[PDB]
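Asks: what's the 3D shape of this:
(4 chains)
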Amino acid sequence: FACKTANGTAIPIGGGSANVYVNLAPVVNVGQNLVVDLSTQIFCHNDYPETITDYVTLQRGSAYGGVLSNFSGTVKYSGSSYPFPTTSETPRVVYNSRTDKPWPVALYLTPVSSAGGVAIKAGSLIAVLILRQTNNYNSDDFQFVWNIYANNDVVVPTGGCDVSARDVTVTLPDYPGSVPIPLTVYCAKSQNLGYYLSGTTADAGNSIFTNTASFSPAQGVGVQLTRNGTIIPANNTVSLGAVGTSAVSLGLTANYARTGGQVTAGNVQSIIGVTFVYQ
Amino acid sequence: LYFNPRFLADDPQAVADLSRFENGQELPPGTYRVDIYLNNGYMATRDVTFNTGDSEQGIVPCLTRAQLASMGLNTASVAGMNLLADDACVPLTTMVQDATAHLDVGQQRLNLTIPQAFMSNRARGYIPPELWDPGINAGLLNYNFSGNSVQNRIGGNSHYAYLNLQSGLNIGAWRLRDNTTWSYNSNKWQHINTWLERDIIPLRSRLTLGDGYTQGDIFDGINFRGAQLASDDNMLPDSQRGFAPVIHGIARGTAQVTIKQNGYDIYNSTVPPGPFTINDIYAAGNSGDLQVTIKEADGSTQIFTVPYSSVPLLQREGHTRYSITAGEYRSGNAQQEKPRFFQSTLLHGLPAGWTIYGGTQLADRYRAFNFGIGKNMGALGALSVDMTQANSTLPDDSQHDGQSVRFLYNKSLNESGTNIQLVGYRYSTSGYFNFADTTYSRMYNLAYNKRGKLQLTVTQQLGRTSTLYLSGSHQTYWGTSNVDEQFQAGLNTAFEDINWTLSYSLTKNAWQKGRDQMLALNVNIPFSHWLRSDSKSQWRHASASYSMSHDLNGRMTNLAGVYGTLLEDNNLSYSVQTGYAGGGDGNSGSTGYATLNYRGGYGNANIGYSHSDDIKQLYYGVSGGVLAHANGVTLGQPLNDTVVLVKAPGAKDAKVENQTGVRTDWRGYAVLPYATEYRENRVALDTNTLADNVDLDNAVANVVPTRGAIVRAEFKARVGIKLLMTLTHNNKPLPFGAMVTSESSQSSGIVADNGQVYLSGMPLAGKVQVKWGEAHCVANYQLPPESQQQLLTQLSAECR
Amino acid sequence: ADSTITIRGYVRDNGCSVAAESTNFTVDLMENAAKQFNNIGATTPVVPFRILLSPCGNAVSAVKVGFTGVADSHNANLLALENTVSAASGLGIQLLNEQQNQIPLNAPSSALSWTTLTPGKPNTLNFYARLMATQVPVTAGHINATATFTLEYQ
Amino acid sequence: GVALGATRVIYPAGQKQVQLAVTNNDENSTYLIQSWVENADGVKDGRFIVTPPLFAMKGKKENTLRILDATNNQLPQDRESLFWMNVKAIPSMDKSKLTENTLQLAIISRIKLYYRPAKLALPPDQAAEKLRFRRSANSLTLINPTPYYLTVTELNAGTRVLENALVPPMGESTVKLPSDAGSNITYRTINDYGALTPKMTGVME
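Replies: Numbers count the residues shown, from 1 in each chain, chains lettered A, B, ... in the order given. Structure data below:
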């Protein structure tokens, strides 16, 4: 029995080793299904199909890399389903034709619940399958070591989540005033997350942000941000807890604060940036 | 309360219409229909029937005893409240001393003032259950569609497609949800979840029937199908969810108490003489210790420090949380068997910041008990220890007994130092098996069970901005010697706006051999401080990202990109980056990715091009949600659980404020994509963007939705014209302040001067009635049809 | 910079809050009846009416104080009382500043002079009253007078 | 008694309404406020409309009067018009105490409302830069060629200090310059919001 691949690599009689590269799905989210079709990669034929019948089956299969670290699943062979990575001998396949035929082997791999980042790196071996070939004419047995590798990188969708109302404004009522600002953040994948505020400051404590108005700024007053009735200094990560599909409210309120001496009038304006930090 | 008409004008006749404003102007009608504001705080608006009696206006507005109790009044604090029947009128004027009630028909204000003694103490931010709106009877669908056209050097004819559908119903208080997925490759269906949920408000619990998952706080989070009754902290008040020690104190007199932390005030109040216990302090977490300062009237001050530390498995004093789940077990793997299991977990709080918790798990082939105590040591920190006993049986029908012990430690050393986050140690014996491994197969990763697990988390602060995160996980096994290791370190800094982050990760799996290292650096530079404030710059909000990676094995990867917005209201976002890879496996080239996603009033749409050395794929995706209710079917952005149905018949293209392009649909309806659960939600429309011929009655609405519910936000609009009428009577101007009411609509106005009257929301033609004393005129006015184009209309009409 | 919040809002310089002090008449036709001449009145309606300006603003420097009301037919420089059955004929109210200088009633805006004001501190302005008449007999009874003082800001 | 929110209220052309705060301090009394707009010449022209033209107030809380636009674009576009907004406050009295003879005054406050046409040439902040002065034999004439209404005060020419005056755009305002006045003249202008801009010195044209 002689086995060949799409490339120049081939398995001669008496067994041997060969490497085959397969391009898998490049985009797969959480709970997605990955299919690796080894049938369209290796074709085997019988050396003496006229009188010798070959029995070819997958003896064992070992997963390598992210396939054994960030995925699992099943292996389909002639309709039979076995584990992946495999631990049992696959069903025997009878080959008695001179013409080469595809190997009826495929892999259905699903990522683990901790999927994230590049699941399988391109240019690295994905699995190694050792197949035992036997014939009824004699007791000769051959071992074929097929190294299935990946040519295109596959990155599981970790999940990039944005904040509602980018570039959102608010207005204070008069000098004595207080206004909550609407800012809700949601993420499709539950994870720990925090937010910290940045901007220009006025005092040493980094509490009151400076007034950067252009049309006669009112000196002696600035804008403060409070969460749950508490002053939030700039550059101070605040734990938002575990945020899931249901959006959580940041719960920030805009207030006034005193910076200098005499209080002028006419305009205040402060630019505040917010930035998220994961873990 | 009499006003001299000579002040208003020098004319001897002047106007008698000031007589309506001289006294309290009591409304003769019983149905006041005025919003009630108790203790200067608005509660709700409803039709209130006023009964004749000894009142300031002569009519006492009848209020239900249950309604008063829900508003904040205490039945026990006022004598005679329990004696009166539920349907009997509550005489707050007589039964409650120093109670003032006033009605204003013009302002539609029901001003109620009651003493603070009659009101019971409540936690900050408490919302009465009455204001919680269960929702409306409506369907809901959410569709997401993604597609790929990846092309490679060999076999590049590939086209993948994913279609996720989420259906749901909100019949009454019951909520039903279902999920489905379609996968297309170059047409296999799939099924994920079916479930229903109900909120038991009196028990403050949730009942879930169908598929679901249990909390992983005590036992491993597992996926089940059956009935779950769980207590949630969402229904609790905002200032009472989490862990916060109860503070007791002795006050000599009417003193002022201030508790602060991290150099900032966290709470303050006034305390009458005697003993006071406070438990409304917010869940600080691990910010640091608390400082309590009490200032007496005489000036004496007492200051003391109370430690603060919270392990995740802690509860507030005098609080309980339970979770029971019963039914079949669905692992997600077709090989695993599906048995029946019943799990019940409970956590309870004891004074001096103690917690006790216990969990039971029963099945046909599994029996597990767990009992643990979480003690808040204080200055040292907080620690929780639990011990679990299991009597399991492997698929080979062999019984196995096992024990496990878990230690969790937390501390808050932010007082001139760094505060650790979690130190966890789990130790299991040779025969302790979790519920997952019991049903692997009928008649395998069960060869080795977890023996020792160590988790370490450290957060260090350098300067004001520099932060260092350290995480470490170490896992052993019984029999074998391979150890799983996961280490992560990270430095985060920011000079003014530029963000620097440097990460170093080490990974060593159990079955795999060889440790893998990953050192990455990322720099973010916003293109805002480098440019002046120009309205039409078109380059604002853009930023550049620099990423560098190193596997330490000889592979270099670099990425440089710019991202920003290119639309008027930031409805569009673009991000273009170019990469460069070399070494390692040998593959090298110039990577590139250009993505563009637009969020609109119909549905999000994203298009992305990726170019590499030999791989190129095109992402095209569209996502959107649809809501079906009694009034019709409205499209919109993907509805994220709680959603508010903005209703405004009359405003066609009105835009919701403080939202990313959420515009009203063609009929005027709209759906808010993200809404906060169990909290006050404010919805406001930009009146500037509203039609010039339509004026909104109110531009701000408040709604408090429950989770998984749809809440209507009413917004009434008037499409009438604004008119400046010059009414004359007997060839003379009308008196000052004569009240004019339109018969066609509900509009009304007051005479300004020289017989001029301003009316809003008036039709092209119609009749009005103006009265000042004891209906003097009934006038009519017809205008040309072309007057609708004009913003303002001025005309004159007499009376008979 | 995932999202930027632009806080905005103006602060306005508040004006001066003024509350007039009601002037009560308690002559009871004592001096007016004794005179019975009405040539220069009887100075019965004499009182130090005080107007308190507090709390004022930060930029309020100078304001204009004027008077206006119903001018007496008999004397153009005096304000007549409100006509009534019990109204005292031959009696009208006249006002003068702290320097005992009569302030014309219903005077033009440009006629009045600027009055200084201490910024940021409470202030009180005291003006004297007097009774005037030209030719009429005293009728005693109640006396009602209506007048308004204009506080023109800068 | 009644405190006005702002001493100066501005009105830009093309806008619909403007808001003015009114607060009460004498919580023990009830004050009724009526508002009206008046032309510079003194006539009661109804070119501006106040939506709550007359209403009472009890206790101590703040209300927001509203000003509309009813000019129909019938005003010059090269100059900002001037109007007077008047708020008249009338107090209350006890019914029993009304028998006793007494005289009660009324609170009326006047403020300047500027109707500013859109598309202004000179910058509103930089409008104070332009100023011209002419010294006569016994008087001083100030002329402001800028298309803005400039209010000047603290006019101190030398040791003597001239009385404050208001100048109109495209015109000259004359004041009585003292005989013993100095050469240099110091003036302080008032901006739109009411803040006191720093002092500046000018030269004769």
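Asks: domains for chain D, by residue range?
Replies: Domains of chain D are assigned by automatic domain parsing as D:2-116, D:126-200.
Asks: Return the distance of the last one from the chain's centre.
Replies: Its chain's average C-alpha position is 17 Å from that of domain D:126-200, according to C-alpha atoms, centre = their mean, to the nearest Å.
Asks: With stretch A:88-108 instead?
Replies: 33 Å.
Asks: and it, anywhere near chain B?
Replies: No - residues of stretch A:88-108 are not located near chain B by C-beta under 8 Å from any C-beta of the partner chain, the shortest gap being 10.2 Å. Using the backbone N, CA and C atoms, a C-beta is placed for each residue, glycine as well.
Asks: measure that stretch end to end?
Replies: 17 Å (C-alpha to C-alpha, to the nearest Å).
Asks: same thing with stretch B:24-41?
Replies: So stretch B:24-41: terminal residues 21 Å apart, C-alpha to C-alpha.
Asks: One more: stretch B:668-678?
Replies: Start-to-end, stretch B:668-678 (C-alpha to C-alpha) is 27 Å.
Asks: Check whether it comes near chain A.
Replies: Yes - using C-beta under 8 Å from any C-beta, we find that stretch B:668-678 touches chain A at B:673, B:674, B:675, B:676, B:677.
Asks: which residues does the second one contact?
Replies: With contact taken as C-beta atoms under 8 Å, 6 or more residues apart in numbering or on different chains, residue B:674 is in contact with A:164, A:184, A:186, A:247, B:640, B:642.
Asks: Phi and psi next, for residue A:241.
Replies: phi 80, psi -160 (degrees, to the nearest 10).
Asks: Please report how far the residue nearest to residue B:209 when sequence neighbours are not counted lies from residue B:208.
Replies: Nearest-residue entry for residue B:209: residue B:196, 5.0 Å, with adjacent residues in sequence omitted and distances by C-beta to C-beta, 6 or more residues apart in numbering or on different chains. Counting by C-beta to C-beta, to the nearest Å, the separation of residue B:196 from residue B:208 is 7 Å.
Asks: same check, this time on residue B:278
Replies: Remark: distance between residue B:278 and residue B:208 (C-beta to C-beta) = 35 Å.
Asks: do the same with residue B:240
Replies: For residue B:240, the distance to residue B:208 - C-beta to C-beta - is 24 Å.
Asks: my guess is residue B:771 meets residue B:777, correct?
Replies: Yes - if you go by C-beta atoms under 8 Å, residue B:771 and residue B:777 touch, sitting 7.5 Å apart.
Asks: Quick check: phi and psi on whatever residue of the stretch 1-150 of chain A ends up closest to chain C?
Replies: Using C-beta to the nearest C-beta, residue A:116 is the residue of the stretch 1-150 of chain A that sits closest to chain C, at 20.3 Å. Main-chain torsions, residue A:116, degrees, to the nearest 10: phi 180, psi 140.
Asks: The residue nearest to it when sequence neighbours are not counted: what's it in contact with?
Replies: Spatial nearest neighbour of residue A:116, excluding adjacent residues (C-beta to C-beta, 6+ apart): residue A:158 at 4.4 Å. Residues near residue A:158 by C-beta under 8 Å, 6+ apart: A:116, A:117, A:189.
Asks: Also residue B:588?
Replies: B:581, B:582, B:613.
Asks: Now a ChimeraX select for only the buried ones of the residues you listed.
Replies: Selecting only the buried entries of the contacts of residue B:588 in ChimeraX, with 16 or more other C-beta atoms under 10 Å in any protein chain shown as the criterion:
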select /B:581
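Asks: Could you dump the contacts of residue B:588 into TSV with distance to chain D and secondary structure added?
Replies: Shown next, in TSV, are those (distance: C-beta to the nearest C-beta, whole Å; DSSP: H, G, I helix; E, B strand; the rest coil):
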residue	distance to chain D	secondary structure
B:581	54	strand
B:582	56	strand
B:613	56	coil
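Asks: and chain A, which of the contacts of residue B:588 reach it?
Replies: Of those, not one also sits near chain A (C-beta under 8 Å from any C-beta).
Asks: How about the residues of chain B by chain D?
Replies: Counting by C-beta under 8 Å from any C-beta, chain B sits next to chain D at B:1-4, B:7-8, B:18, B:21, B:106, B:724, B:736-737, B:750-754, B:756, B:758, B:792, B:794.
Asks: ok, which of these also contact chain C?
Replies: Applying C-beta under 8 Å from any C-beta to those, those adjacent to chain C are B:4, B:7.
Asks: Counting neighbours, what do you get for whatever residue of chain A ends up closest to chain D?
Replies: Here chain A gets closest to chain D at one residue, residue A:266, 3.4 Å apart by C-beta to the nearest C-beta. Here the count is done by other C-beta atoms under 10 Å in any protein chain shown, and residue A:266 has 19 residues near it.
Asks: Would you tell me which strand is longest in chain B?
Replies: Longest among the strand segments of chain B by residue count, using DSSP state E, is strand B:615-629.
Asks: Which residue does chain C have closest to chain A?
Replies: For chain C, C-beta to the nearest C-beta, closest residue to chain A: residue C:9, 3.3 Å.
Asks: so that residue sits right up against residue A:173, yeah?
Replies: Yes - applying C-beta under 8 Å, one finds residue C:9 in contact with residue A:173, separated by 7.2 Å.
Asks: what about those two, which has more around it?
Replies: The neighbour comparison of residue C:9 against residue A:173 (other C-beta under 10 Å) goes to residue C:9, with 18 against 11.
Asks: where does chain B come near chain C, residue by residue?
Replies: Counting by C-beta under 8 Å from any C-beta, the residues of chain B near chain C are B:4, B:6, B:7, B:10, B:497, B:524, B:526, B:528, B:541, B:543.
Asks: quick one: buried residues of stretch B:151-171?
Replies: Those would be B:152, B:158, B:160, B:161, B:162, B:164, B:166, B:168, B:169, B:170, for stretch B:151-171 by 16+ other C-beta under 10 Å.
Asks: For residue C:14, give its distance to residue A:254.
Replies: 21 Å.
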